[PDB]
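Now for the letters of each chain:
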Amino acid sequence: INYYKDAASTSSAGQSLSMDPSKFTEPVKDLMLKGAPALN
Amino acid sequence: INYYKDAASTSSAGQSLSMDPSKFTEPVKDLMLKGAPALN
Amino acid sequence: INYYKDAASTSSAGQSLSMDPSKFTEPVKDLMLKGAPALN
Amino acid sequence: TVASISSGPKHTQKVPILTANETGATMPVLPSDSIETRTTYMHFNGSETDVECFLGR
Amino acid sequence: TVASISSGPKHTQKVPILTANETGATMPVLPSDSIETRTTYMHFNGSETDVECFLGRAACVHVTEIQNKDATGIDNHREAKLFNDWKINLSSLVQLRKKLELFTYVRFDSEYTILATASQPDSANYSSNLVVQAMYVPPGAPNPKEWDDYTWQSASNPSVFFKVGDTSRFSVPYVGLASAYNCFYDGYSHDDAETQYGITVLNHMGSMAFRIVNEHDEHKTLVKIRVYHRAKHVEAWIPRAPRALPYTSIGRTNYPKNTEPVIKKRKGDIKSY
Amino acid sequence: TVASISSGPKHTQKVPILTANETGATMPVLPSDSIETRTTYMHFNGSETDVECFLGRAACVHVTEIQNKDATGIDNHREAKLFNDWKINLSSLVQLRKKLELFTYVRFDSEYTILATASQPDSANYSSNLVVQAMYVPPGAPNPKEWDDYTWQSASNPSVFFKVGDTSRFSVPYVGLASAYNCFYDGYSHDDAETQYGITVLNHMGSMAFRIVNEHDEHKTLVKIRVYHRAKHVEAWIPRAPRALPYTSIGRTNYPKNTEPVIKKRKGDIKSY
Amino acid sequence: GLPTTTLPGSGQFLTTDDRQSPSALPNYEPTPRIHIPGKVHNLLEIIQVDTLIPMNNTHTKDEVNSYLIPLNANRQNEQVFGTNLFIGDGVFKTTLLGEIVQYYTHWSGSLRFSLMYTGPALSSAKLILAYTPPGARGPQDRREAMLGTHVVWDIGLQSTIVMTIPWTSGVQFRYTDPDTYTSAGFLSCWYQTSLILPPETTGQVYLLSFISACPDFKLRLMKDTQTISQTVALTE
Amino acid sequence: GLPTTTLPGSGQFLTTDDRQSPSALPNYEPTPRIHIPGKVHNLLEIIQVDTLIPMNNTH
Amino acid sequence: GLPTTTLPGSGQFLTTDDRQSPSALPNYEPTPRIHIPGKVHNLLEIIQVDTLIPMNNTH
Amino acid sequence: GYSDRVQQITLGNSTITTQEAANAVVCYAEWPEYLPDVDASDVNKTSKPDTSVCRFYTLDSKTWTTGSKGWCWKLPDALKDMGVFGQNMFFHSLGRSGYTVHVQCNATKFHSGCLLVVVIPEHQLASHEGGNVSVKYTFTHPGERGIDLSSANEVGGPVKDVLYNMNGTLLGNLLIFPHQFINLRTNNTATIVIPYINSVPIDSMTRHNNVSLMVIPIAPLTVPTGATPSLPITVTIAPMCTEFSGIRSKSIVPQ
Ligand SMILES: COc1ccc(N2CCN(c3cccc(C)c3)CC2)nn1
Ligand SMILES: COc1ccc(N2CCN(c3cccc(C)c3)CC2)nn1
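Residues numbered from 1 in each chain as written, not as in the entry; some residues may be left out. Chains lettered and ligands numbered in written order. Part of a larger assembly, values for the part shown. Heavy atoms only, no water.

## Notes on the overall build of chain G
Which entries qualify depends on this criterion: Under the DSSP-based scheme used, a helix requires at least four consecutive residues in state H or I and a strand at least two consecutive residues in state E, with every element numbered from the N terminus. Here the globule rule reads 2.2 Å times residues to the power 0.38, and the radius of gyration is calculated from C-alpha atoms. Partly exposed describes any residue whose relative accessible area lies between the buried limit of under 20% and the exposed limit of over 50%, with all areas from a 1.4 Å probe on protein chains only and scaled to the type maximum. In this charge count, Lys and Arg are treated as positive and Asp and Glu as negative; neither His nor the chain ends contribute. Charge coordinates come from a single atom per side chain, which is NZ of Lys, CZ of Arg, CG of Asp or CD of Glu.
When helices and strands are counted, chain G shows three helices and 15 strands. In terms of C-alpha radius of gyration, chain G reaches 24 Å, well past the compact-globule figure of 18 Å for 236 residues. Along the three orthogonal principal directions, the C-alpha set of chain G runs to about 95 × 45 × 35 Å. Looking at chain G as a whole, 66% of its 236 residues are labelled buried. Separation between the mean location of the 15 positive side-chain charges and that of the 19 negative ones in chain G comes to 7 Å.

This is how it looks when you write it as structure tokens:
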């Protein structure tokens with residue numbers, strides 16, 4: 001129950017439960033498959 | 001939920017969301033169309 | 001009504017109403033029947 | 001809500017920027033009447049300028 | 001539920017009262033196996049003997065003390081009780097300890113309650129109003145050194161601010177490394193020839209830090225902190241023999257030498273009533 | 001969810017453990033690519049590492065102080081701490097600062113908490129009860145000059161009145177000019193040859209003004225204000241390397257000269273354990 | 001008027017509680033969000049990116065050189081480097097992994113340790129990396145080392161080798177601040193055959209080493225880092 | 001009696017909060033509204049009317 | 001703002017009361033339970049196991 | 001027969017071929033794109049010179065020697081003088097751009113050495129003076145010359161200490177930023193595609209640089225016996241999806 005009118009006044013947000021490290025761990029242009037050779 | 005009986009005791013009103021500047025910006029008797037000459 | 005998000009914050013648990021002393025009072029490998037001889 | 005629409009070159013006989021202020025009106029001229037604009041949205045309602053808000057603290 | 005059924009005379013070849021205790025069992029014998037009984041009902045559920053109930057009331061687990069005074073020229077705040085930590089543990093006070101050690105492994109959430117009262121043992125014009133800060137400094141975190149360190153910013157560490165005379169209350173989930181808390185541990189932290197023995201080597205939940213936020217007034221004020229602990233959501237495994245001798249140390253089973261006989265000697269014979 | 005799957009001997013032409021790190025990727029190698037594993041489940045969600053959780057607890061962001069005393073003959077209230085402003089910023093204290101600067105841009109609502117406690121360092125008959133007023137003087141608003149200016153009428157400016165010893169609490173929406181708060185800014189406010197460099201030229205959210213509403217009693221009373229800040233509704237973009245050297249200034253990245261080696265030197269060889 | 005009773009804890013301020021508050025700026029409209037590449041949601045997302053380990057810690061002031069593990073041509077049987085696995089201390093401590101682990105009290109999971117070789121292309125080498133699970137001492141010679149988790153690495157076209165320290169543990173969580181009961185083992189590396197340089201070439205070659213966490217990883221019970229402190233508030 | 005806990009901020013007065021209050025004049029009937037030309041709803045309505053700029057500020 | 005009245009007993013701490021509290025460690029995930037033989041639920045379960053009586057108390 | 005190894009990038013009227021690549025990085029896995037209306041604020045139609053600005057400019061070459069500490073360029077600064085890109089830059093009030101960065105360094109199979117090529121969004125530098133000394137404008141706008149981390153401290157300039165990234169963070173952790181290594185034994189180029197990253201939809205190109213490109217030797221250069229002890233490093237950069245807005249008189253900037 002929100003007792004207040006504005007959105008800033010609500011409690012903390014709830015877990016992204018998004019999670020996708022590939023923008024950070026695999027930003028390569030041509031896809032790399034694990035197990036296939038790195039450099040062909 | 002109002003806890004009180006009288007109307008003065010309720011919280012602030014809620015946004016007019018009315019908004020019509022023409023009583024102030026265009027109080028002319030004969031309508032002016034933008035693009036048409038001001039004085040004919 | 002829980003007012004809080006985490007489970008640790010809820011009140012005491014509610015009675016097991018489990019109760020089974022046999023793991024402590026009769027942990028014998030071959031079942032003993034009351035009334036039958038203890039050692040055959 | 002659009003804050004500005006897209007508008008391109010103009011070569012008209014219809015000039016929205018020439019007016020006669022002696023009339024007492026403020027003609028509703030916009031950026032797109034005199035330069036070439038691109039679309040943009042308002043993203044805003046004018047909530048905090050409501051008179052209830054202005055006199056309500 | 002019947003507590004006793006009706007039972008009459010018996011002249012059988014089926015004797016439920018003769019058993020062999022060498023087997024390790026406690027055979028479930030009842031009054032009606034050996035006298036003539038009448039029906040009676042239980043009228044009772046055994047509600048208040050549930051382990052949740054047994055371990056579920058607040059017990060005092062710790063009393064410490066800090067003072068508000070001018071720290072000017074104090075070379076060791078910790079030592080002046082300008083602030084004080086509490087290497088957290090429940091073995092300190094014996095009442096709750098004997099209760100928990102009826103079990104080998106225990107698992108439960110804790111709901112702590114902190115009462116703080118002030119004392120002004122020497123001439124003051126008044127009673128000041130102090131705010132205590134209690135900050136949980138888990139292992140691996142900077143440890144205060146002064147009573148107003150950067151530490152006390154406690155940007156990542158849960159801390160509660162309450163007023164002396166009031167009480168603070170907050171529960172914490174079960175923060176054991178394992179699946180349950182060991183009440184006993186017959187091991188070492190590694191195969192070292194001189195490393196400690198027992199639980200102590202598991203009890204490593206950090207320490208609680210207390211301090212007054214207020215600067216000093218003209219008089220000195222003693223604030224004494226009492227921490228209460230209530231187990232909620234209790235789970236207990238493997239019952240053990242109750243503690244008979246007195247305790248000597250947090251975390252070891254050791255009893256004092258030349259202790260006194262714990263079994264009351266008869267005033268009379270074996271035959272005495 | 002499985003944390004590890006079962007995997008057995010391998011004799012392949014398909015080698016997942018040989019890679020080329022020059023590419024910039026971190027290939028997702030697992031225990032089961034190089035040893036024989038058994039199934040195990042995660043039993044865990046990663047809840048407490050969510051950025052909302054990481055930045056979502058209150059951190060102390062500012063400690064200031066004001067006093068209640070007779071202003072008679074004071075030529076500069078601001079200077080007597082009759083009242084005190086706080087050119088608002090979060091770079092002041094380092095605990096929360098290192099946490100935020102793990103990200104480049106951050107966006108979130110703030111929930112501030114203000115604790116005020118009083119001190120009476122020199123002889124008083126009693127402890128008075130003071131009411132603090134905290135008024136947010138955004139940029140472009142009249143700035144107090146005296147501790148009881150027309151300013152403090154604060155007819156259009158949000159202000160909160162609470163009692164010393166108590167706490168005040170109120171949150172404010174994300175009031176950034178941009179779409180997010182910059183944690184870093186490699187720019188200037190204009191192409192001037194001598195204009196400042198860095199964030200400072202963006203941090204322009206005004207300042208918070210504190211004062212006691214009470215007139216003076218016979219003694220003097222020191223009131224020390226602590227502002228706590230909790231981010232709610234957090235959004236963070238572009239992770240960066242954590243801060244290694246100490247901080248020297250609000251808003252610049254500058255570290256101190258002749259600082260000390262931040263990497264611990266081995267006591268022994270590269271070969272040492 | 002509805003009858004109430006207040007409980008113990010009333011009026012306290014717990015920095016970790018999460019409740020509603022009045023907005024000081026009623027009706028204010030925040031700036032629209034625009035799109036920005038790079039959003040982070042979990043610290044678990046970022047500790048999977050690998051970063052360099054200053055393994056060569058033996059210097060006396062921080063230098064680019066403590067990131068370089070040297071290799072000697074023609075040595076046989078010998079040991080390249082050694083370290084314990086207290087990820088919250090020592091070599092690991094300044095790495096991004098080390099640096100984040102320090103915001104939490106407990107960790108569990110697998111680690112990924114990789115080595116990228118930088119020697120001339122016409123050279124060759126075979127190294128063995130060994131993980132020694134808790135309970136034994138840091139290995140003292142390859143024979144000892146090779147009886148635990150190990151990978152023979154053959155230096156080739158494929159420049160990096162990724163070793164995983166699989167989670168080997170009784171207790172399901174360890175402390176990030178070094179603790180005995182909770183300790184994780186040792187990591188060592190030895191020549192399997194030996195580094196061989198081509199003609200016209202000379203000197204030491206170096207390996208770069210990285211550390212990142214497997215998707216396996218768990219961190220819990222947040223706390224304050226020993227990695228940052230201060231003595232007076234900063235100002236502008 | 002229902003159990004409660006009070007949070008930080010209890011008793012504060014925030015000049016910008018918006019809540020209910022008891023009416024001091026229970027049951028009073030305000031004067032009827034009559035029509036008046038000119039009602040303003042938003043300050044945004046009025047800043048669109050143009051006004052003169054003292055551009056020649058040099059006096 | 002809803003009107004309330006506080007009753008006698010407000011603010012007391014009764015070591016035996018059972019209510020909710022804020023968690024100090026929001027969002028923390030406890031270690032999984034594994035199976036352990038021997039769980040006790042009631043003290044009534046254990047007082048049915050017999051134990052020896054030092055009847056010969058005369059020492 | 002496609003290898004990760006050979007590549008061709010054609011952009012405008014200019015083409016690059018590499019026969020020894022190591023894939024390419026696209027920052028944060030996003031490719032440069034123009035500014036959508038939903039994200040727009042300024043009402044001005046923007047100018048998109050296309051092929052006259054989105055081509056490859058090769059900056060002047062650097063020389064890696066055994067004593068090199070590393071070099072740093074800022075964008076869009078480094079290009080402030082390249083062809084029509086630069087003119088547009090000084091002539092509009094606002095502009096926005098992504099880039100393709102191609103760093104080149106070839107040697108032989110007897111050399112060793114490894115460079116880190118990294119892009120840091122919002123790289124705010126530190127003053128070597130400490131305290132709250134600022135870093136003057138000119139110092140953070142080196143132009144095509146970039147900053148040479150082995151040059152001497154100057155007054156009003158930034159600190160040039162490599163183990164600290166010019167800001168109080170450790171060299172070892174730069175790997176959290178989009179980056180690629182050039183290891184003579186593997187690699188001979190590094191290519192990174194940079195999408196536009198800012199907290200505003202469009203900004204000024206002269207008062208704010210939005211990325212620093214940094215090339216840092218990490219494993220020292222080691223040449224074969226009696227080889228000349230140095231290699232040149234060349235940086236070629238191409239603006240991509242560039243848009244300029246708010247045209248006028250032509251900015252005048254310090255120095
Ligand atoms: C021997 O059994 C136990 C049982 C519980 C227990 N702990 C002590 C630490 N405690 C704790 C945990 C988190 C925060 C705070 C303040 C205290 C939880 C209970 N310690 N030992
Ligand atoms: C560097 O990042 C940030 C992040 C948040 C922040 N602000 C400071 C000002 N603050 C604020 C805004 C409105 C009213 C009051 C009292 C304080 C909001 C958070 N400043 N810098």
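## Focus: the environment of D:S34
All names here are of chain D. Short version of the rule: Contact between two residues is taken to exist if any of their heavy atoms lie within 4.5 Å; hydrogens are not considered.
Tracing the backbone shows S34 in the loop between β1 (2-4) and β2 (40-41). Measuring from C-alpha to C-alpha, the distance between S34 and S4 comes to 12 Å, with 30 residues separating the pair along the chain. Setting aside chain neighbours within four positions, we find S34 in contact with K10 and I17.

## What to know about empty space enclosed by the protein
Condition: Only protein atoms enter the 1 Å grid, on which a cavity is a set of points fitting a 1.4 Å probe that cannot get out and a pocket is an open set with protein on both sides within 12 Å along at least 5 of 7 lines, lining residues being those with an atom within 4 Å of a point. Grid points are joined across faces, edges and corners, and a volume is the space filled by probe spheres set on the points. For this scheme, ten residues count as nonpolar: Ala, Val, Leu, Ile, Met, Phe, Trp, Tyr, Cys and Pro. Four count as charged, namely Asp, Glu, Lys and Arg, and the remainder, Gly too, count as polar.
In total, this model carries 15 cavities of 30 Å³ or more according to the counting rule given. Of the volumes computed, that of the largest cavity is approximately 130 Å³. Around the largest cavity, the lining is made up of 16 residues, and of these F:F184, F:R240, F:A241, J:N167 and J:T169 lie nearest the centre. Residues that form the lining of the largest cavity fall into these classes: six nonpolar, six polar and four charged. Approximately 80 Å³ is the volume found for the second largest cavity. Looking at the second largest cavity, the residues that line it are C:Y4, F:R169, G:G9, G:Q12, G:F13, G:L14, G:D17, H:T5, H:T6, H:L7, H:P8 and I:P22.

## Some points on the site of ligand 2
Residues and elements named next belong to chain F. Keep this limit in mind: The cutoff for a nearby residue is simple: one of its non-hydrogen atoms must lie within 4 Å of the molecule or strand. Definition of a polar contact: a pair of N or O atoms within 3.5 Å, with one able to donate and the other able to accept a hydrogen when the atoms are protein atoms, and with sequence-neighbouring residues admitted only if both atoms are side-chain atoms. Shrake-Rupley sampling with a 1.4 Å probe provides the accessible areas, and residues are treated as covered by the protein chains on show and by no other component.
Residues in close proximity to ligand 2 total 13 residues, the closest being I88, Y112, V172, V175 and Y181. A distance of 2.5 Å separates a nitrogen atom of ligand 2 from a polar side-chain atom of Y112. If ligand 2 stood free it would expose 490 Å²; the protein chains cover 94% of that surface. Of all the secondary structure elements, the ones that give two or more residues to the shell around ligand 2 are β6 (103-119) and β10 (181-182). If one sorts the elements of the shell around ligand 2 by residue count, β6 sits on top with three residues. Class assignment of the residues belonging to the shell around ligand 2 gives a composition of 10 nonpolar, three polar and no charged.

## Observations concerning the interface of chain G and chain F
Our working rule: By buried area we mean the combined loss of accessible area, with a 1.4 Å probe, across both parts when two parts are placed together. The term salt bridge refers to a pairing of a side-chain nitrogen on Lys or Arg with a carboxyl oxygen on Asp or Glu at a separation within 4 Å. In this analysis, strands are considered paired if DSSP registers two or more bridges between them.
Tallying the contact residues gives 99 residues for chain G and 80 residues for chain F. A combined buried area of about 7,900 Å² lies between chain G and chain F, and 59% of that area is made up of carbon and sulfur atoms. Together, G:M222, G:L234 and G:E236 form the three largest contributors to the area buried by chain G at its contact with chain F, with a combined 10%. Applying the counting criterion to the chain G and chain F interface returns five salt bridges. Linking F:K98 and G:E99 is a salt bridge whose minimum nitrogen-to-oxygen distance equals 2.4 Å. Between chain G and chain F we count 47 residue pairs in polar contact in total. With six residues, the top contributor of residues to the side of chain G that touches chain F is strand β6 (residues 79-84) of chain G. For the side of chain G that touches chain F, the per-class residue count stands at 46 nonpolar, 36 polar and 17 charged. As paired elements, strand β12 (residues 221-239) of chain F and strand β3 (residues 39-40) of chain G share two bridges and run antiparallel to each other.

## Here we look at the interface of chain G and chain H
Each side of the interface is counted separately: chain G has 18 residues, and chain H has 12 residues. Around 1,100 Å² of area is buried between chain G and chain H when both sides are counted, 61% of it from carbon and sulfur atoms. Interface area lost by chain G to chain H is led by G:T5, G:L7 and G:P22, which between them contribute 30%. Connecting chain G to chain H are zero salt bridges.

## Quick look at the packing of aromatic side chains
Worth spelling out the cut-off: For this analysis, a ring pair means two rings from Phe, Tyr or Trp (six-membered ring only for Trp) whose centres lie within 6.5 Å, classed as stacked if their planes differ by under 30 degrees, edge-to-face if by over 60, and tilted for the remaining angles. In this analysis the charged atom, NZ for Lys or CZ for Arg, is taken to sit over a ring once it is within 6 Å of the ring centre and within 35 degrees of the ring normal.
Following the criterion strictly, the structure yields 26 aromatic pairs over all chains and no others. Ring pairing ties together the aromatic residues E:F108, E:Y174 and E:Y181, which thus form one cluster. Directly above the aromatic system of E:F184 lies the positively charged group of E:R240, at a separation of 4.0 Å from the ring centroid. Over the face of the ring belonging to J:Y57 we find J:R55, whose NZ or CZ atom lies 5.4 Å from the ring centre.

## Quick look at the sheet that holds strand β6 (residues 131-137) of chain E
Adjacent strands of a sheet form backbone hydrogen bonds with each other and so pair up, either parallel or antiparallel. With antiparallel pairing, the five strands of this open sheet are ordered in space as β4(E)-β10(E)-β6(E)-β7(E)-β2(G). Looking at which strands have only one partner, the edges of the open sheet turn out to be β4 (83-86) of chain E together with β2 (13-14) of chain G. Inspection of the sheet shows β6(E) paired to strand β7 (residues 159-163) of chain E by five bridges, in the antiparallel sense. Residue E:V132 lies in a different strand from β7(E), and its bridge partner there is E:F162.

## Notes on the pairing of strand β1 (residues 2-6) of chain G
Two strands pair when backbone bridges link them, and β1(G) and strand β1 (residues 4-6) of chain I are joined in this way by three bridges, in the parallel orientation. Bridge pairing in β1(I) places G:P3 opposite I:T5. Sheet analysis places β1(G) next to strand β1 (residues 2-4) of chain H, joined by three bridges and oriented parallel. Across the sheet, the residue bridging to G:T4 is H:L2, located in β1(H).

## Concerning the nonpolar core
This is how the line gets drawn: Think of a nonpolar core as a cluster: buried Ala, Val, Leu, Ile, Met, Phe, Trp, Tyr and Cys residues, connected wherever their side-chain atoms sit within 4.5 Å.
Within the largest apolar cluster, 199 residues are counted, with the highest numbers of intra-cluster contacts made by F:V223, G:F81, G:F113, G:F217 and J:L171. Among all residues touching G:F113, those that are not within four sequence positions of it are G:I53, G:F81, G:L129, G:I161, G:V162, G:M163, G:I165, G:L187, G:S209, G:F210 and G:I211. By size, the runner-up hydrophobic cluster in this structure holds 54 residues, among which are E:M208, E:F210, E:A231 and I:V40.

## Description of the site of ligand 1
Residue and element names in this part refer to chain E. By nearness alone, 13 residues border ligand 1, and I88, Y112, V172, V175 and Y181 come closest of all. A distance of 2.5 Å is found between a nitrogen atom of ligand 1 and a side-chain nitrogen or oxygen belonging to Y112. Coverage of ligand 1 by the protein chains reaches 94% of its 490 Å² of free accessible surface. Looking at the shell around ligand 1, the elements that each hand over two or more residues are β5 (103-119) and β9 (181-182).

## Some details on the arrangement of the chains
No other pair of the 28 pairs of chains in contact has as many contacts as chains F and G. Contact between chain C and chain F is absent, and the least distance between their C-alpha atoms amounts to 12 Å.

## Notes on a nonpolar patch on the surface
Operational definition: Surface patches are drawn from residues lacking salt bridges whose relative accessible area is over 30%; two like charges belong together within 9 Å, two nonpolar side chains (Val, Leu, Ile, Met, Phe, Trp, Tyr) within 5 Å.
Side chains of B:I1, B:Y3, C:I1, C:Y3, G:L2, H:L2 and I:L2 sit close together on the surface and give an oily, nonpolar patch of about 790 Å² of accessible area. Judged by its relative accessible area of 36%, G:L2 falls in the partly exposed class.

## Focus: the pattern of salt bridges
By the definition in use, this model includes 45 salt bridges over all chains. For E:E101, the salt bridge identified is with E:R97, shortest N-O distance 2.8 Å. Take E:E101 and E:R97: they sit in the same class, and that class is buried. Between G:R75 and G:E78 there is a salt bridge whose closest N-O contact spans 2.4 Å. On the basis of relative accessibility, which here comes to 33%, the residue G:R75 falls in the partly exposed class.

## Regarding the sheet that holds strand β15 (residues 218-222) of chain G
Residues and elements named next belong to chain G. Overall, antiparallel pairing links the three strands, which are arranged β12-β7-β15 in an open sheet. In this open sheet, the two edge strands, each paired with only one partner strand, are β12 (174-175) and β15. Bridge count between strand β7 (residues 104-108) and β15: four bridges; the pairing is antiparallel. Residue pairing for β15: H106 is matched across the bridge by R220.

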